[PDB]
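Nothing in this text is a laboratory measurement; each read-out follows from the coordinates by a stated rule. With ideal geometry, Cβ positions are generated from the backbone for all residues, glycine too; neighbour counts draw on all protein chains shown.
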Amino acid sequence: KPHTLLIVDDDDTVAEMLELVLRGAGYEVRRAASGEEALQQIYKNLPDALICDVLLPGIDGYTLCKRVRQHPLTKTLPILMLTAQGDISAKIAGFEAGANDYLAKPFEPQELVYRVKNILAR
């Protein structure tokens, strides 16, 4: 069964909280602080899904998602985009970039577990 997640987020407060919830759900949780570091790590050790913030220090989350989708080994890699509270344009851009789903801040813990499970199942 898929159990490895890669969080791509430069915000320590949010990344720590997401990992706490996902560890409780039984996942192996890896973390990268930028899209540039995530790209290097993914092709050295393929995770089962990506949890990516739309906001990143270098390339943004949409660019990260688009680049992962272009690699044959990660063409269908499940990706969950992290969006700002009440940001509808980010949901639209997330799906345009090829993401499987999104989750808006403050990231309700049962919703996080549900959406990660569903993008991994499909």
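Return a yes/no flag: does region 7-25 have any residue that is of a type outside the set (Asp, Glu), more than 22 Å from residue 105 (Cα to Cα), surrounded by 17 or more Cβ atoms within 10 Å (Cβ to Cβ) and touching a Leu at 6+ places or on another chain (Cβ under 7 Å). No: region 7-25 contains no residue that is of a type outside the set (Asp, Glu), more than 22 Å from residue 105 (Cα to Cα), surrounded by 17 or more Cβ atoms within 10 Å (Cβ to Cβ) and touching a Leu at 6+ places or on another chain (Cβ under 7 Å). Within region 7-14, can one find any residue that is polar (S, T, N, Q) and in a helix (DSSP H, G or I)? Yes: region 7-14 contains one or more residues that are polar (S, T, N, Q) and in a helix (DSSP H, G or I).
For region 63-78, a residue qualifies if it is within 14 Å of the chain's Cα centre (by Cα) and either closer than 19 Å to residue 20 by Cα or surrounded by fewer than 20 Cβ atoms within 10 Å (Cβ to Cβ) (or both), and the qualifying residues are 63, 66, 67, 69, 74, 76.
Among the residues making up region 85-109, those that are under 15 Å from residue 18 (Cβ atoms) and either assigned to a helix (DSSP H, G or I) or under 14 Å from the mean Cα position of the chain (by Cα) (or both) are 101, 102, 103, 104, 105, 107, 109.
Which residue pairs have Cβ atoms under 7 Å apart, sit 6 or more places apart or on different chains, and have a first residue in region 30-50 that is surrounded by fewer than 21 Cβ atoms within 10 Å (Cβ to Cβ) and a second that is among the aromatic types (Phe, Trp, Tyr)? Close Cβ pairs satisfying both conditions: none exist.
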